[PDB]
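These notes are about the structure you will find just below.
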Amino acid sequence: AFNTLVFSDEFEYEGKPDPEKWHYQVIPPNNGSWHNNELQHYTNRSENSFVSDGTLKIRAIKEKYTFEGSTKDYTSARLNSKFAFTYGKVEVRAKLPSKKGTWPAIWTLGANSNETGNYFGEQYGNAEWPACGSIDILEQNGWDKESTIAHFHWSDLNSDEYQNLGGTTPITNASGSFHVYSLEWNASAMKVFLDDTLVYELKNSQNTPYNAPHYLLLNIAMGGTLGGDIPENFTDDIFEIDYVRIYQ
Ligand SMILES: OC[C@H]1O[C@@H](O[C@@H]2[C@@H](O)[C@H](O[C@@H]3[C@@H](O)[C@@H](O)O[C@H](CO)[C@H]3O)O[C@H](CO)[C@H]2O)[C@H](O)[C@@H](O)[C@@H]1O
Ligand SMILES: [Ca+2]
């Protein structure tokens with residue numbers, strides 16, 4: 001159904017993520033910290049993201065880092081697409097971090113999120129999460145690298161009731177072998193796959209925030225709710241992305 005390519009990055013250049021395509025988040029949203037009790041700051045430096053040899057790397061590092069008076073013990077990157085879209089098929093081919101404590105994600109936020117320091121501000125609205133909606137195409141927690149997560153977080157348009165549900169699936173060699181993490185999203189349903197396996201399908205409806213533009217996020221959080229305990233010896237780890245493609 002989704003046969004027209006509308007956004008892609010094949011990462012076949014060298015240096016910073018293409019600034020026509022990617023926006024960095026660096027300002028923490030919660031008084032000097034990220035959410036979910038996560039332990040990193042996110043930066044735009046070559047320490048934490050770079051493109052080389054046909055692939056994007058996001059790299060989390062145990063490193064003391066201070067931003068605007070708030071010191072953390074880890075650094076990473078959190079990218080947002082400067083493409084916003086309503087419906088489509090998103091495909092991201094990647095290798096995931098292997099190390100305990102890492103929490104990689106490939107996900108979306110409604111573009112009316114107005115999250116601090118994002119790219120779209122109040123252009124589309126001002127719907128504080130979860131009312132803006134989100135789709136998790138991929139997460140892994142810190143303690144089980146043999147499973148992936150797909151999940152949805154939202155409140156219905158006629159509600160302040162927060163909903164959150166999804167599924168998981170087994171994965172083999174998530175760090176050493178590329179897999180394709182994908183979403184097929186239309187007015188009827190949102191389906192998340194790992195290669196050809198359906199991880200979760202949620203029916204769409206007008207009562208949901210999944211009928212207006214979303215943007216993509218790519219990140220590695222450290223610690224926090226799904227990162228869990230980080231080994232004392234942690235040095236650094238990479239989330240390597242061969243491409244992002246979006247079709248409509
Ligand atoms: O909106 C203010 C509200 O924010 C809540 O923080 C949420 C985070 O819980 C949420 O975490 C993401 C997960 O839902 C899941 O989508 O996967 C991603 C990637 O792993 C997680 O980051 O992210 C949204 C958007 O940044 C935050 O708004 C606080 O918990 C809550 O107290 C506060 O009111
Ligand atoms: Ca590539």
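Each chain in the structure tokens gets a letter, A, B, ..., in the order shown, and its residues are numbered from 1; ligands are numbered from 1 in order too.
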
With the cut-off set at 10 Å and counting only C-alpha atoms and all ligand atoms, tabulate each residue of chain A with an atom at most that distance from an atom of ligand 2, showing the nearest atom pair and its distance in Å to one decimal, ordered by chain and increasing number, as CSV.
```
residue,atom,partner,partner_atom_place_in_ligand_line,distance
A:9,CA,ligand 2,1 (Ca),7.6
A:10,CA,ligand 2,1 (Ca),4.2
A:11,CA,ligand 2,1 (Ca),4.7
A:12,CA,ligand 2,1 (Ca),5.6
A:13,CA,ligand 2,1 (Ca),8.9
A:51,CA,ligand 2,1 (Ca),9.3
A:52,CA,ligand 2,1 (Ca),9.0
A:53,CA,ligand 2,1 (Ca),7.9
A:54,CA,ligand 2,1 (Ca),4.1
A:55,CA,ligand 2,1 (Ca),4.7
A:56,CA,ligand 2,1 (Ca),7.6
A:93,CA,ligand 2,1 (Ca),8.6
A:94,CA,ligand 2,1 (Ca),9.6
A:240,CA,ligand 2,1 (Ca),9.7
A:241,CA,ligand 2,1 (Ca),7.3
A:242,CA,ligand 2,1 (Ca),3.9
A:243,CA,ligand 2,1 (Ca),4.9
A:244,CA,ligand 2,1 (Ca),8.5
```

Restrict the calculation to only C-alpha atoms and all ligand atoms, then for each residue of chain A with any atom at most 8 Å from an atom of ligand 1 give the closest atom pair and their distance in Å to one decimal, rows by chain and rising residue number, as CSV.
```
residue,atom,partner,partner_atom_place_in_ligand_line,distance
A:29,CA,ligand 1,26 (O),7.9
A:34,CA,ligand 1,26 (O),7.9
A:35,CA,ligand 1,6 (O),5.0
A:36,CA,ligand 1,9 (O),5.4
A:103,CA,ligand 1,20 (O),6.5
A:104,CA,ligand 1,20 (O),6.5
A:105,CA,ligand 1,20 (O),5.0
A:106,CA,ligand 1,19 (C),7.0
A:107,CA,ligand 1,19 (C),6.4
A:108,CA,ligand 1,16 (O),7.5
A:109,CA,ligand 1,25 (C),7.1
A:113,CA,ligand 1,25 (C),8.0
A:115,CA,ligand 1,26 (O),6.8
A:128,CA,ligand 1,1 (O),5.0
A:129,CA,ligand 1,1 (O),3.9
A:130,CA,ligand 1,1 (O),6.0
A:134,CA,ligand 1,16 (O),6.0
A:135,CA,ligand 1,16 (O),6.5
A:136,CA,ligand 1,16 (O),5.4
A:139,CA,ligand 1,20 (O),5.9
A:151,CA,ligand 1,16 (O),7.1
A:152,CA,ligand 1,16 (O),6.9
A:153,CA,ligand 1,14 (O),6.0
A:219,CA,ligand 1,19 (C),7.5
A:220,CA,ligand 1,20 (O),7.9
A:221,CA,ligand 1,20 (O),7.1
A:226,CA,ligand 1,20 (O),7.6
```

Closest-contact table, range 123-237 of chain A side, partner range 58-70 of chain A, 9 Å, counting only C-alpha atoms, as CSV:
```
residue,atom,partner,partner_atom,distance
A:218,CA,A:58,CA,8.4
A:219,CA,A:58,CA,7.0
A:220,CA,A:60,CA,6.5
A:221,CA,A:60,CA,7.8
A:222,CA,A:60,CA,7.5
A:233,CA,A:62,CA,9.0
A:234,CA,A:62,CA,6.5
A:235,CA,A:62,CA,5.4
A:236,CA,A:61,CA,4.2
A:237,CA,A:60,CA,5.5
```

Can you tell me, as a PyMOL selection string, which residues in range 40-230 of chain A count as alpha helix (DSSP H) by DSSP? chain A and resi 224-227

When you look at residue 173 in chain A with a cut-off of 12 Å (counting only C-alpha atoms), what residues show up, excluding the ones that are within fewer than 5 positions of it in the same chain? I need them as a PyMOL selection string. chain A and resi 94-98+145-148+178-179

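Of the listed residues A:47, A:81, A:190, A:205, the one whose atoms come nearest to residue 118 in chain A is A:81, with distances taken using only C-alpha atoms.
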
From A:125, A:170, A:176, A:110, residue lying nearest residue 217 in chain A [only C-alpha atoms]: A:110

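Note that the spacing between CA of residue 76 in chain A and CA of residue 238 in chain A amounts to 9.6 Å.
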
Could you please determine the separation between CA of residue 43 in chain A and CA of residue 99 in chain A in Å, to one decimal place? 20.4 Å

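Proximity ranking of A:131, A:39, A:216, A:230 relative to residue 74 in chain A places A:39 first, based on only C-alpha atoms.
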
Please return, as an MDAnalysis selection string, all residues of range 98-239 of chain A that DSSP assigns to strand (DSSP E) on the basis of the backbone. chainID A and resid 102:110 134:139 147:155 162:170 179:185 189:194 197:203 214:222 236:239

Generate the output file for the selected residues, C-alpha atoms, as a tab-separated table (two decimals), in the first residue's frame.
```
chain	number	residue	atom	x	y	z
A	102	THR	CA	21.34	0.70	27.75
A	103	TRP	CA	17.78	1.62	26.61
A	104	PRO	CA	17.72	2.25	22.82
A	105	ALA	CA	14.56	3.37	21.09
A	106	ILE	CA	13.07	4.07	17.72
A	107	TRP	CA	9.75	5.85	18.31
A	108	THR	CA	7.46	8.69	17.43
A	109	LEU	CA	5.77	11.66	19.14
A	110	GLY	CA	2.81	13.65	17.80
A	134	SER	CA	3.42	8.11	20.70
A	135	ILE	CA	4.30	4.92	18.88
A	136	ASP	CA	7.31	2.81	19.99
A	137	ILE	CA	8.65	0.97	16.90
A	138	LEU	CA	11.52	-0.49	18.94
A	139	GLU	CA	12.68	-0.43	22.56
A	147	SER	CA	13.52	-9.47	23.57
A	148	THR	CA	12.24	-6.30	21.80
A	149	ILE	CA	9.32	-4.10	22.74
A	150	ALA	CA	6.64	-2.30	20.64
A	151	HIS	CA	4.36	-0.07	22.58
A	152	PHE	CA	1.82	2.74	22.34
A	153	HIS	CA	1.22	5.56	24.74
A	154	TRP	CA	-1.69	7.99	24.41
A	155	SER	CA	-4.77	9.56	25.85
A	162	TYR	CA	-3.71	7.55	29.95
A	163	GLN	CA	-3.39	4.34	27.97
A	164	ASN	CA	-0.42	2.25	27.38
A	165	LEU	CA	-0.13	-1.14	25.86
A	166	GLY	CA	1.90	-3.23	23.53
A	167	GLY	CA	3.83	-6.43	23.11
A	168	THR	CA	7.25	-8.01	22.90
A	169	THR	CA	8.97	-10.55	20.71
A	170	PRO	CA	12.17	-12.62	20.88
A	179	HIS	CA	17.29	-6.32	11.79
A	180	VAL	CA	14.57	-4.12	10.29
A	181	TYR	CA	12.25	-2.48	12.79
A	182	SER	CA	9.11	-1.19	11.07
A	183	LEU	CA	5.75	0.52	11.42
A	184	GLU	CA	2.79	0.45	9.07
A	185	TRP	CA	0.42	3.23	10.07
A	189	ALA	CA	-4.37	0.51	12.33
A	190	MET	CA	-0.78	0.82	13.53
A	191	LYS	CA	1.28	-2.39	13.08
A	192	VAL	CA	4.85	-2.77	14.46
A	193	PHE	CA	7.12	-5.50	13.11
A	194	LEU	CA	10.50	-7.00	13.77
A	197	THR	CA	7.04	-10.85	12.78
A	198	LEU	CA	4.20	-8.69	14.11
A	199	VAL	CA	5.08	-7.43	17.51
A	200	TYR	CA	1.80	-5.53	18.09
A	201	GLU	CA	-1.16	-4.09	16.13
A	202	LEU	CA	-3.40	-1.42	17.56
A	203	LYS	CA	-6.65	-0.43	15.87
A	214	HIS	CA	4.21	12.59	14.11
A	215	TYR	CA	8.01	12.86	14.02
A	216	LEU	CA	10.59	10.11	14.58
A	217	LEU	CA	13.02	9.88	17.52
A	218	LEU	CA	16.21	7.86	17.78
A	219	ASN	CA	18.12	7.66	21.11
A	220	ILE	CA	19.95	5.63	23.73
A	221	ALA	CA	18.84	6.42	27.27
A	222	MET	CA	20.96	5.15	30.18
A	236	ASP	CA	30.43	3.15	26.05
A	237	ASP	CA	28.09	1.45	23.60
A	238	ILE	CA	26.67	2.03	20.12
A	239	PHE	CA	23.24	1.88	18.43
```
